[PDB]
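Engineer: just the structure for this:
(3 chains, ligands or ions: 10)
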Amino acid sequence: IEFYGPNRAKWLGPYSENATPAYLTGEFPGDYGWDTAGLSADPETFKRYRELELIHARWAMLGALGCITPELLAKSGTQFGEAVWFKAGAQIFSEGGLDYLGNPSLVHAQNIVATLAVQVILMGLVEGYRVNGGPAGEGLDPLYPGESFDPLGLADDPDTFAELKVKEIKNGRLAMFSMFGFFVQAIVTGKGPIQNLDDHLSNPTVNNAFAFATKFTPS
Amino acid sequence: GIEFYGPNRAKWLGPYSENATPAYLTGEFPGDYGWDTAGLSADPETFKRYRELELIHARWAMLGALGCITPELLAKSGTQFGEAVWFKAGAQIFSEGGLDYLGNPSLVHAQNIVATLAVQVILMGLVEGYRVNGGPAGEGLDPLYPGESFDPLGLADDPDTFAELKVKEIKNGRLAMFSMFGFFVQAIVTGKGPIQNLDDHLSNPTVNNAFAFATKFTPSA
Amino acid sequence: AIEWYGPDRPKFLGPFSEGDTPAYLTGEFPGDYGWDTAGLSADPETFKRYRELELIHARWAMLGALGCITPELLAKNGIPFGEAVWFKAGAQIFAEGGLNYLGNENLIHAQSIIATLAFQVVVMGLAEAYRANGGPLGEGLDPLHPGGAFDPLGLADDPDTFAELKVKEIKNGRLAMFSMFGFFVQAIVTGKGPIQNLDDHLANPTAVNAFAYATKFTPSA
Ligand code: CHL
Ligand code: CHL
Ligand code: CHL
Ligand code: CHL
Ligand code: CLA
Ligand code: CLA
Ligand SMILES: CC1=C[C@H](O)CC(C)(C)[C@H]1/C=C/C(C)=C/C=C/C(C)=C/C=C/C=C(C)/C=C/C=C(C)/C=C/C1=C(C)C[C@H](O)CC1(C)C
Ligand SMILES: CC1=C[C@H](O)CC(C)(C)[C@H]1/C=C/C(C)=C/C=C/C(C)=C/C=C/C=C(C)/C=C/C=C(C)/C=C/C1=C(C)C[C@H](O)CC1(C)C
Ligand SMILES: CC1=C[C@H](O)CC(C)(C)[C@H]1/C=C/C(C)=C/C=C/C(C)=C/C=C/C=C(C)/C=C/C=C(C)/C=C/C1=C(C)C[C@H](O)CC1(C)C
Ligand SMILES: CC1=C[C@H](O)CC(C)(C)[C@H]1/C=C/C(C)=C/C=C/C(C)=C/C=C/C=C(C)/C=C/C=C(C)/C=C/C1=C(C)C[C@H](O)CC1(C)C
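Structural biologist: Residues are numbered from 1 along each chain as shown, chains lettered A, B, ... in the order given. Ligands and ions are numbered 1, 2, ... in the order given. Here you go, the structure:
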């Protein structure tokens, strides 16, 4: 299998050759020939949508691992203020600060305002460096800089770098799908990801999604 | 000083923006800070339609922000309205005694919302079909800045400052669009007026900020 | 006025539509009224995918606008089957005896949503992927109007009335999408069925309209 060129991994299986647009030749990672809605025909808009997709994928990978990690560590012995991800933000206003791993001498943050301000300053600097350029690299690729990210030297050998690119964007698309799934499983249940996983693996017949199929009914 | 046209101008990321601006945003249009990071307006006709959408959104949001601030300021100054808060000012047509304009019963005294909406549909369809095509207030004109019936004070003359006034219009319009989005979301999550939220944030800014309402729309219930 | 093509055609603003209708909307497609005020379809590839998406939305909306009215239309005659509204029709799967088609117990009467869901996933993925690519009835043809076994009654010939029925299909489909969005929001705001809303409007139009439910989503907080 080759993930580039004319014959590649395609989203409708072995019969999708009518569904391929002309502009999706496959010179970029993760090209499956899926623009049947046709929003990415302009090549500059194709560039912008590709960098949008890759940074959404990377942030959703970080967000998926952050959705699953403290909830899994809640049953491994350590206990936090709140373990689910949709209440993991509200532990500021609880009395006794935001302990990081539950230990009161780790972070112990009571102020969300200065936390958001420090985050806004540092994140504005990081994203301005990411789009324009800065001290950890001035002019490079907009999506794959090198020489300070991947310092371990695994970005060389451009065929396995291409395989690493398509693997990165596929793991990221899976994590984006699962982040959307986390959002809707938050809104229709109110219980967390691995809490709903235990709810499914306890008895999967009734405790599938259709247990909450009548929640948002109108009156 | 700082300019807003040309190859170098005021940009969206500020000093860290010389690599950030796209190629198609060369800066001949008012409000070109180079923020098209999603590439929505790469085609120039899409860019033209989006400029028209942005400017008409800008003018309507300026009118809307002034109309959301005005009866609340007049109520906190002197005037007993029917309901001066803007997201409950619609139902004054159902106040069983009329919609008094400045709170006085000698004013417009509206009681039928269907006739009010219907004459609004008639007048708004007429005026917007005039805006896109032409009519009694100018036939062949610029679809965004007509002039000579919408400049009776002659401020579009000396066009080097008419470009500055175009940038001032789009900047107060984008600030009013941002403020109307803030009005909408503040109405949703606080339930009080923007001036009531301003008085709340001026009283105790440490807990009358947004983070006190962060647990309101919780996913548990 | 007897044409739906060419440079002169029926348009979405009527006589107010000369300053509209840009250069890439030429009237060459069924249903061209010059409505591209947002400018979303400048690229003809983007325009082609938007036309395909609009017409399959039109077909599914004409299916939906009739499939939502017929349960209440047979509840008009008095055939009782669990529930007649469409937005609370799925929960009849989870009834004491399951969802019945026409209420008579020797009919479909299925109980498990997951098994018929899996069957729907497999046959609809196969059918829609045959729609996009091609299968046992025509491999490479129009992605819009295949014909062949899709026209067993011979209405695809004589291409002028084929184009006329194309305009008829997209017009009834746009009316159906408008109706289905209206169905969605009449379900959201009112919480009753659309035919029940029609009975309530015909019983009392002046006080029971949408403006009666205008104060429902007011954020109290
Ligand atoms: C040959 C069979 C085959 C078919 C039919 C598909 C088709 C699909 N692939 Mg796939 N693939 C197939 C084989 C293969 N794929 C792939 C690789 C990929 C990738 C990388 C991706 C896909 C994706 C997709 C999906 C895109 C369509 C969509 O967005 O859903 C639209 C249709 C629906 C959503 C209908 C489903 C709804 C349900 C039936 C009804 C339920 C309604 C609810 C009640 C909700 C209603 C809400 C109410 C309250 C208003 C779809 C499931 C994409 C994806 O995962 O997108 C999600 C994607 O990223 N495929 C490979 C490897 C080369 C294949 C090999 O054979
Ligand atoms: C030098 C630093 C500098 C930086 C980093 C920026 C960057 C920015 N400028 Mg900018 N500017 C800068 C200097 C200058 N600007 C301008 C002129 C302008 C203008 C006219 C505009 C901007 C705008 C913007 C924004 C565009 C990106 C965006 O929309 O944010 C997106 C990212 C965020 C919003 C992240 C922040 C959110 C927060 C960290 C997360 C909080 C989460 C909440 C709890 C919510 C989560 C709960 C959920 C469930 C609801 C961004 C904040 C635009 C703007 O205001 O858009 C809003 C705009 O119109 N700038 C000038 C004058 C020449 C500058 C001079 O130096
Ligand atoms: C198009 C702009 C427009 C906006 C933003 C509003 C705003 C509102 N009106 Mg209002 N109206 C508008 C047009 C008109 N109204 C009325 C007459 C009434 C009456 C009689 C009533 C209202 C009420 C309301 C409120 C609904 C309560 C609610 O759900 O709050 C939650 C939602 C928000 C706070 C924000 C909603 C904005 C939205 C989510 C985003 C903006 C999208 C645009 C509205 C869509 C664009 C419209 C297009 C078609 C032009 C809401 C704040 C009710 C009210 O205030 O009573 C308590 C009410 O009884 N309106 C007429 C006829 C004269 C209008 C014609 O132009
Ligand atoms: C795709 C079209 C489709 C639509 C519009 C719906 C709609 C609905 N189903 Mg549903 N279904 C649909 C397909 C299917 N359903 C089911 C099986 C069930 C069951 C078992 C149940 C439902 C129920 C419901 C209702 C949830 C009540 C509610 O939350 O009101 C709020 C929502 C509205 C008022 C409609 C608002 C419209 C929406 C926001 C915009 C529409 C765009 C969608 C987001 C896109 C559709 C999804 C795509 C990806 C396929 C809701 C109206 C439940 C019910 O009726 O009891 C209350 C229920 O128990 N459905 C199957 C399996 C056979 C489907 C496959 O085709
Ligand atoms: C999602 C469905 C959908 C889609 C993809 C399209 C797509 C298209 N239409 Mg169609 N149309 C639709 C629904 C749709 N329309 C409906 C419901 C109506 C009746 C009101 C019409 C009436 C109509 C006319 C009269 C004409 C078109 C034309 C066009 C083309 C250019 C306009 C454009 O860029 O639209 C792009 C549209 C979208 C990308 C869809 C975005 C959907 C957003 C979310 C809607 C948001 C608005 C609001 C929130 C909901 C409705 C509010 C209120 C009206 C109730 C394009 C192929 C023109 C053309 O060239 O003819 C072929 C033309 O002359 N359409
Ligand atoms: C095919 C179009 C269509 C039709 C026939 C209906 C019919 C109906 N709707 Mg629905 N509706 C529609 C589209 C439609 N709607 C759409 C697109 C929306 C989203 C904006 C809504 C949102 C909506 C709500 C939220 C409610 C209704 C309600 C109603 C009922 C009373 C009428 C009313 O309050 O007006 C409401 C009409 C609108 C909000 C817009 C419809 C625009 C139509 C097409 C124009 C009608 C012209 C009219 C006769 C005269 C207008 C003034 C004139 C001088 C130009 C009635 C059964 C109410 C109900 O259930 O009453 C019991 C109710 O609560 N509708
Ligand atoms: C492809 C295509 C094609 C055709 O043509 C058309 C269409 C269809 C349009 C397209 C599609 C698209 C799509 C699907 C999209 C989607 C997206 C997403 C989902 C995203 C997410 C995304 C997501 C994301 C980012 C996420 C993120 C996350 C994060 C940061 C984190 C978070 C968190 C955490 C954990 C921690 C704590 O506790 C809390 C919080 C804070 C919460
Ligand atoms: C640039 C860019 C770039 C990249 O590429 C992409 C992206 C990101 C997408 C983009 C962005 C965008 C944005 C930002 C948007 C936003 C907007 C808005 C906010 C608007 C508003 C807008 C808004 C508006 C108009 C508003 C208006 C308003 C009004 C009239 C109001 C009225 C009123 C009043 C007076 C009061 C009373 O009692 C009632 C009412 C009735 C309520
Ligand atoms: C043209 C233009 C132009 C400018 O420039 C721009 C703009 C403005 C953007 C544009 C516009 C657009 C629009 C209007 C859109 C809309 C759309 C829609 C509404 C769709 C729907 C669409 C819709 C649809 C498909 C629907 C479908 C439906 C269905 C299937 C249903 C089903 C059902 C039934 C039977 C019954 C049962 O019991 C349940 C259920 C399941 C519920
Ligand atoms: C394909 C083919 C081919 C071959 O060749 C032949 C054949 C076979 C013949 C063909 C077939 C065809 C078909 C199937 C058709 C169908 C159609 C439809 C269903 C439509 C609907 C359609 C439908 C529609 C429009 C609808 C509409 C509606 C409207 C306006 C209104 C509504 C409403 C509303 C809103 C609300 C209230 O409360 C109620 C009402 C009043 C009710």
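Engineer: C-alpha only now, for contacts and for neighbours.
Structural biologist: Will do.
Engineer: how about stretch A:49-65: buried residues?
Structural biologist: For stretch A:49-65, burial by neighbour count (16 or more other Cα atoms under 10 Å in any protein chain shown) applies to A:49-51, A:53-54, A:56-61, A:63-64.
Engineer: can you give me how far it is from the chain middle?
Structural biologist: Offset of stretch A:49-65 from its chain centre (Cα atoms, centre = their mean, to the nearest Å): 5 Å.
Engineer: ok, residues contacting that stretch?
Structural biologist: Contacts with stretch A:49-65, where a contact means Cα atoms under 8 Å, 6 or more residues apart in numbering or on different chains, come from A:40, A:142-143, A:169, A:171-173, A:175-176, A:178-179, B:38-39.
Engineer: now a ChimeraX select for only the buried ones of those residues.
Structural biologist: A single ChimeraX command selects the buried members of those (16+ other Cα under 10 Å):
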select /A:40,169,171,172,173,175,176,178,179 /B:38,39
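Engineer: returning to what we had before: tell me the one of the buried residues of stretch A:49-65 nearest ligand 6?
Structural biologist: residue A:49 (31.4 Å; Cα to the nearest ligand atom).
Engineer: helices of chain A, start to end?
Structural biologist: Secondary structure of chain A (DSSP state H): helices at A:43-74, A:112-131, A:158-189, A:193-202.
Engineer: who touches residue A:152 in this structure?
Structural biologist: Here residue A:152 is in contact with no residue (Cα under 8 Å, 6+ apart).
Engineer: isn't residue A:5 up against residue A:26?
Structural biologist: Yes. With contact defined as Cα atoms under 8 Å, residue A:5 counts as touching residue A:26 (5.1 Å).
Engineer: how much space between the most centrally placed residue in chain A and ligand 9?
Structural biologist: With distances taken as Cα atoms, centre = their mean, the residue of chain A nearest its centroid is residue A:60 (0.9 Å). Separation of residue A:60 from ligand 9 (Cα to the nearest ligand atom, to the nearest Å): 28 Å.
Engineer: which one is whichever residue of chain A sits closest to ligand 3 nearest to, not counting chain neighbours?
Structural biologist: Residue of chain A nearest ligand 3, by Cα to the nearest ligand atom: residue A:218 (15.2 Å). Nearest non-adjacent residue to residue A:218, counting by Cα to Cα, 6 or more residues apart in numbering or on different chains: residue C:191, 4.9 Å away.
Engineer: report how many residues lie close to that neighbour.
Structural biologist: Using other Cα atoms under 10 Å in any protein chain shown as the criterion, residue C:191 is surrounded by 17 other residues.
Engineer: specify the local secondary structure of it.
Structural biologist: coil (DSSP: H, G, I helix; E, B strand; the rest coil).
Engineer: surely it meets residue A:219?
Structural biologist: Yes. Residue C:191 is within contact range of residue A:219, at 4.4 Å (criterion: Cα under 8 Å).
Engineer: what strand or helix carries the spatially most central residue of chain C?
Structural biologist: Residue closest to the mean C-alpha point of chain C, counted by Cα atoms, centre = their mean, is residue C:61 at 0.8 Å. Assigned by DSSP states H and E, residue C:61 belongs to helix C:44-67.
Engineer: wait, does that helix contact ligand 10?
Structural biologist: Yes. Contact between helix C:44-67 and ligand 10, assessed by Cα under 6 Å from any ligand atom, occurs at C:62, C:63, C:65, C:66.
Engineer: list the buried residues for that helix?
Structural biologist: By neighbour count with 16+ other Cα under 10 Å, helix C:44-67 contains the buried residues C:45-52, C:54-55, C:57-59, C:61-62, C:64-65.
Engineer: try stretch C:21-41
Structural biologist: Neighbour counts over stretch C:21-41 (16+ other Cα under 10 Å) mark C:21, C:25-27, C:30-36, C:39-41 as buried.
Engineer: any chance of those residues in CSV, plus secondary structure?
Structural biologist: Output for the buried residues of stretch C:21-41, formatted as CSV (three-state DSSP):
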residue, secondary structure
C:21, coil
C:25, coil
C:26, coil
C:27, coil
C:30, coil
C:31, coil
C:32, coil
C:33, coil
C:34, coil
C:35, coil
C:36, coil
C:39, coil
C:40, coil
C:41, coil
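Engineer: dump those residues to JSON lines, plus distance to residue C:141.
Structural biologist: Shown next, in JSON lines, are the buried residues of stretch C:21-41 (distance: Cα to Cα, whole Å):
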{"residue": "C:21", "distance to residue C:141": "30"}
{"residue": "C:25", "distance to residue C:141": "24"}
{"residue": "C:26", "distance to residue C:141": "24"}
{"residue": "C:27", "distance to residue C:141": "23"}
{"residue": "C:30", "distance to residue C:141": "18"}
{"residue": "C:31", "distance to residue C:141": "21"}
{"residue": "C:32", "distance to residue C:141": "23"}
{"residue": "C:33", "distance to residue C:141": "27"}
{"residue": "C:34", "distance to residue C:141": "28"}
{"residue": "C:35", "distance to residue C:141": "28"}
{"residue": "C:36", "distance to residue C:141": "28"}
{"residue": "C:39", "distance to residue C:141": "29"}
{"residue": "C:40", "distance to residue C:141": "26"}
{"residue": "C:41", "distance to residue C:141": "23"}
